[PDB]
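Report on one structure; see the data block that follows.
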RNA sequence: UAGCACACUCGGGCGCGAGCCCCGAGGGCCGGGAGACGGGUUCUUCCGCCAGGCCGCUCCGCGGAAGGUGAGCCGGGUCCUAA
RNA sequence: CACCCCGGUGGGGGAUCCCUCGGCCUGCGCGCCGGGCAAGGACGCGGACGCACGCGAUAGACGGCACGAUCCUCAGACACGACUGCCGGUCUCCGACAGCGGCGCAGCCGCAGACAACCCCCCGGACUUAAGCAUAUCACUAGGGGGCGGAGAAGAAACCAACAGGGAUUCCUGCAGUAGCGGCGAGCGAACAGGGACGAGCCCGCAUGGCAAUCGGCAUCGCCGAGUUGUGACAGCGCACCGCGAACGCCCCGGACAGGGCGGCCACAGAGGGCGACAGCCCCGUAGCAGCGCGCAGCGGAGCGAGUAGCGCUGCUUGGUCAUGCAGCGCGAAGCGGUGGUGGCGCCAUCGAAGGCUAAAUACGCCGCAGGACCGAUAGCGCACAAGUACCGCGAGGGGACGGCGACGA
Ligand SMILES: [Mg+2]
Ligand SMILES: [Mg+2]
Ligand SMILES: [Mg+2]
Ligand SMILES: [Mg+2]
Ligand SMILES: [Mg+2]
Ligand SMILES: [Mg+2]
Ligand SMILES: [Mg+2]
Ligand SMILES: [Mg+2]
Ligand SMILES: [Mg+2]
Ligand SMILES: [Mg+2]
Ligand SMILES: [Mg+2]
Ligand SMILES: [Mg+2]
Ligand SMILES: [Mg+2]
Ligand SMILES: [Mg+2]
Ligand SMILES: [Mg+2]
Ligand SMILES: [Mg+2]
Ligand SMILES: [Mg+2]
Ligand SMILES: [Mg+2]
Ligand SMILES: [Mg+2]
Ligand SMILES: [Mg+2]
Ligand SMILES: [Mg+2]
Ligand SMILES: [Mg+2]
Ligand SMILES: [Mg+2]
Ligand SMILES: [Mg+2]
Ligand SMILES: [Mg+2]
Ligand SMILES: [Mg+2]
Ligand SMILES: [Mg+2]
Ligand SMILES: [Mg+2]
Ligand SMILES: [Mg+2]
Ligand SMILES: [Mg+2]
Ligand SMILES: [Mg+2]
Ligand SMILES: [Mg+2]
Ligand SMILES: [Mg+2]
Ligand SMILES: [Zn+2]
């Protein structure tokens, strides 16, 4: 009753895909992601010290940041076509 | 379950195309230490969390 | 108002972007011969008028109806029925679909 | 001693630099000494080995053999010389991989712009010897 | 590298737009032959890459053209300004940081920097 | 060792191999067929197996290769509001 | 016969030892996010491509420059540039709007979101210690909220002092476990000096009146706007920045010489790594070697700070004690005021609050670099491996295991 019989009724799925963080944590009734806190503007304060190691900055692709490290290393010379045009004048 | 949103089916298709063995020409590459796909997923043993 | 983006990329929606290829399956051959219908595998974001406009542009034949189905294998299968009779068989030999 | 603090004497970092060297560096690490007849002409100690280089084997089983370089493989660092071979079971003759340090170049290939690259190292060696001659003169 | 960049510099920007559309068509004919027949393994590779090569030369010519159009503009387009950093774009200029009030100007003018050496 | 199939039976077939796979016969038994949620390719075809299936398997929800989901009218959105 | 013990061989398992492209620690360097769409995510992208990693419809090397002959499993590609390196392009979609705000504003902009080690502001525990416990302690911590930056904050005295006086801040030393606070219990606990690092000072307001001399915007030397409820000032920057680098032969053993033996050689190079055993001379390297320029102009200077200071009460805080700081409320100043380890009053002494800015010394993770009396696969990071992966949890979250043939020639 309390255990094995009651697990047959667990066919609802409350936490669905979050559109911000992509974890299966967006609640349907609550309309809030339990992981990242969407749709609050700021990110939810992560519930563990390891949660930054899993989900924080640097754990993803860092598509813009890897470009701006490379430009900062070279001195922010920017677009190579426009670099020669500013140098001629 | 035959009624699904667009997001559910795209995630289900992405899980399906992923679920395949290593292509057999990869076993002849040098430095290929992989013999079978350890991330193979069977539908009855391993569940997907696509809700 | 000055333009903020001076250098703009060319727009999408080219017919080669929409159509990946025409299928040579056992089903697709049966649709070419019996139903005057080509089967194209297309981009999954392509709508029915965009797919039909691509077939009229790239293969230069008028299109009666477009049926689409997003496959579970990842792509969008599009069934393109042509207007003129015997014409899908005329396309698939010239296009090399069969 | 190495007085440059910015370069490593660390074994771990030197070993990682050898096995994860990129292809431009792996070409340099596969250098081979010249003969004395090449060193009177070119002057430099060694040069990176290339296909179609004539080579005498200096160490190993094939020591004393001469042959052309028929295959260089940068990953696994192995030079394959013509007439340094071993058969498989099915009679197929396989070239045996020799390290570039065990080969001495007898005749340098000069075809695909390599004569430019040899002369660039030769002239920079000659120019740098002129500067060190003037500095020791002064 | 079937289409070389040397030939693409001669074409104009709209001439490269038609070339990328024509090359996209041939890629669709190549993807047809890959499904129906065999192909040399990198034919789709090569045609995909020279579409990218035509479009890059199109972009590189267009950055050069749009720069000389809006060079002496009051507000250049954001494409043609250097993308430093949002913080570095919002920085005060070196002229603005050197701005000082009149009393700091008169004092530096009336008591300028002296160049001297001491010895005992 | 505890334990694990113990309403089936007979003949035939394919097969290296058969109590269980297939066919025919006999004897019995009970649900079966459509939707949702949930599953996600398990569907279907071809090939396989000396691995998995509380035994065995030539079989399979297994392994491999494929194939398959077509809508103005069905369901949802492009509609309406309920709490 | 079984059973047991000892040994041999074979199993079984993975200890030991040796190894190590990993960790850890320390130092140094860097300190650069975002509507130009970030962090993160979703989905796609390879001829044969699952995972990993890379990438974005220009989707598994697109361009420029440098490099110069391989990449490879097949097929193929390749001096019309393979493999690479550096930089730049392209860079889907979700994710920063009921948006909010500035400027006369045909319009142009900004804020949001990330980062959470360092730093600033607010909020603020309890376990714990007191051998119980309530004040105290833990602790003005943890934690939560907000906000920056490459540092931040602070900062040119309403200061310290009591001397023959010193002279911004920050940091170190030191005062000092001291004065002091404290159920005067447990415990807590500074400051001036002296010495040092580093050094740096400035500004707004009450600016002309023979004329706002000032600024913003534009489609620009002319409009429009701001503004008299008052606008007004230039001393610092930049470029260049290499390619080469010495010196070894023979014999023995061995699968192989880097070993042994003999004989040399180079060294401003005998650091280290690779190479079929342990290499100064085989290779990569190592020691060694290379700079500069361009700027700085003018016109006010006694301006001064109020619902404050202070007092009273309250709450918090502090070592701060008849109040150290902070706040709220009541009262509410002055031309003189504040302060003087902090009761009141008087002296004398010393400063000028209630406006603003300010380098350097100081702190610090990721990351990069270099080191180390560190650990050496149950250790060291959770991860030397398709590790924040597999996997589990409705969820917040939780989180492993797994290294080794050889001359990669057979
Ligand atoms: Mg229920
Ligand atoms: Mg519910
Ligand atoms: Mg469902
Ligand atoms: Mg189940
Ligand atoms: Mg594009
Ligand atoms: Mg449909
Ligand atoms: Mg039994
Ligand atoms: Mg039964
Ligand atoms: Mg059914
Ligand atoms: Mg079936
Ligand atoms: Mg079996
Ligand atoms: Mg025994
Ligand atoms: Mg183990
Ligand atoms: Mg560190
Ligand atoms: Mg983007
Ligand atoms: Mg390229
Ligand atoms: Mg913010
Ligand atoms: Mg404790
Ligand atoms: Mg106690
Ligand atoms: Mg106790
Ligand atoms: Mg107690
Ligand atoms: Mg910043
Ligand atoms: Mg500051
Ligand atoms: Mg305390
Ligand atoms: Mg003024
Ligand atoms: Mg040398
Ligand atoms: Mg007050
Ligand atoms: Mg006084
Ligand atoms: Mg006193
Ligand atoms: Mg002041
Ligand atoms: Mg071990
Ligand atoms: Mg471990
Ligand atoms: Mg449970
Ligand atoms: Zn979320």
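Just so you know, all these numbers are worked out from the coordinates, no wet-lab data involved. Heads up, the Cβs are rebuilt from the backbone with ideal geometry, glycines too, and the neighbour counts pull from every protein chain shown.
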Residues C:21, E:21, D:3, sorted so that the one with the fewest Cβ neighbours within 10 Å comes first: D:3, E:21, C:21
Among A:75, A:22, A:37: highest mean-square fluctuation, GNM of chain A, C-alpha pairs under 10 Å: A:75
Rounded tilt (10° steps) of A:63-74 against the dominant C-alpha axis of chain A: 30
Unit Cα scatterers, Debye sum, the protein assembly as shown: log10 I(q)/I(0) for q = 0.07, 0.12, 0.13 Å⁻¹: -0.80, -1.40, -1.40
For the stretch D:1-57: relative contact order, % (alpha-carbon pairs under 8 angstrom, 6 or more apart): 26
Degrees between helix B:6-18 axis and first principal axis of chain B (Cα, 0 to 90, nearest 10): 20
Chain C: relative contact order as a whole-number percent, Cα under 8 Å and 6+ apart: 28
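Which shape class, rounded, prolate or oblate, goes with the stretch B:8-51 when its Cα gyration tensor gives a ≥ b ≥ c as root eigenvalues, a/c under 1.5 marks rounded, and past that a/b bigger than b/c marks prolate? Let's see the in-between values first.
Details: a/c = 3.72, a/b = 2.31, b/c = 1.61.
Taking the square roots of the gyration eigenvalues as a ≥ b ≥ c, the stretch B:8-51 is prolate.
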Inter-chain shielding of E:76-88 (mean C-beta neighbours from other protein chains, 10 Å cut-off): 5
On Cα atoms only, tilt of E:43-69 relative to the major axis of chain E in degrees: 40
Along each principal axis, Cα extent of the stretch D:60-138, largest first, Å: 67, 27, 24
Helical mean residue ellipticity (222 nm; -39500 (n - 2.57) per DSSP H run of 4+; nearest 500) of chain D: -10000 deg cm²/dmol
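Could you please rank D:137, E:66, E:76, placing first whichever residue has the fewest other Cβ atoms within 10 Å of its Cβ?
On the way: D:137 6, E:66 21, E:76 18.
Starting with the residue having the fewest Cβ neighbours, the order is D:137, E:76, E:66.
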Binned Cα-Cα distances of chain A, short to long, each 5 Å bin given as a whole percent: 3, 11, 12, 13, 11, 10, 10, 9, 6, 5, 4, 2, 2, 1, 1, 1, 0
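Add -39500 (n - 2.57) for each DSSP H run of 4 or more in chain A, then divide by its residues: what number comes out at 222 nm, to the nearest 500 deg cm²/dmol?
Theoretical 222 nm ellipticity from helices: -8000 deg cm²/dmol.
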Using alpha carbons only: equivalent-ellipsoid semi-axes of the stretch D:29-78, gyration tensor based, whole Å: 18, 14, 10
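For chain B, what is the mean residue ellipticity at 222 nm derived from helices alone (per DSSP H run of n ≥ 4: -39500 (n - 2.57); sum divided by total residues; nearest 500 deg cm²/dmol)?
Details: 1 runs with 13 residues, N = 51.
Dividing the helical sum by the residues of chain B leaves -8000 deg cm²/dmol.
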Hydrodynamic radius by Kirkwood, which averages 1/r over all alpha carbon pairs of chain C, in angstrom: 14.1
Cα gyration tensor shape for chain D, rounded if a/c is under 1.5, else prolate or oblate: oblate
Ranked A:25, A:48, D:35, E:12, criterion: other C-beta atoms within 10 Å, fewest first: A:48, E:12, D:35, A:25
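Using Cα pairs closer than 8 Å and at least 6 residues apart in sequence, work out the relative contact order for chain E, in percent. Present the calculation step by step, with values, prior to reporting the outcome.
Values: 48 pairs, mean separation 33.0, N = 120.
Computed over chain E, the figure is 28 percent.
Let me know the shape class of chain E, please: from the alpha-carbon gyration tensor, a ≥ b ≥ c as square roots of the eigenvalues, rounded when a/c is under 1.5, otherwise prolate if a/b is greater than b/c, or oblate. Walk me through the numbers on the way to the answer.
Values: a/c = 4.37, a/b = 3.28, b/c = 1.34.
Here chain E falls in the prolate category.
Using a 10 Å cut-off on Cβ to Cβ distances, tally the other chain neighbours for every residue of B:6-14 and report the average as a whole number. Show your work: numbers first, answer last.
Numbers: counts 2, 3, 2, 3, 4, 1, 1, 7, 1.
So the per-residue partner count for this stretch is 3.
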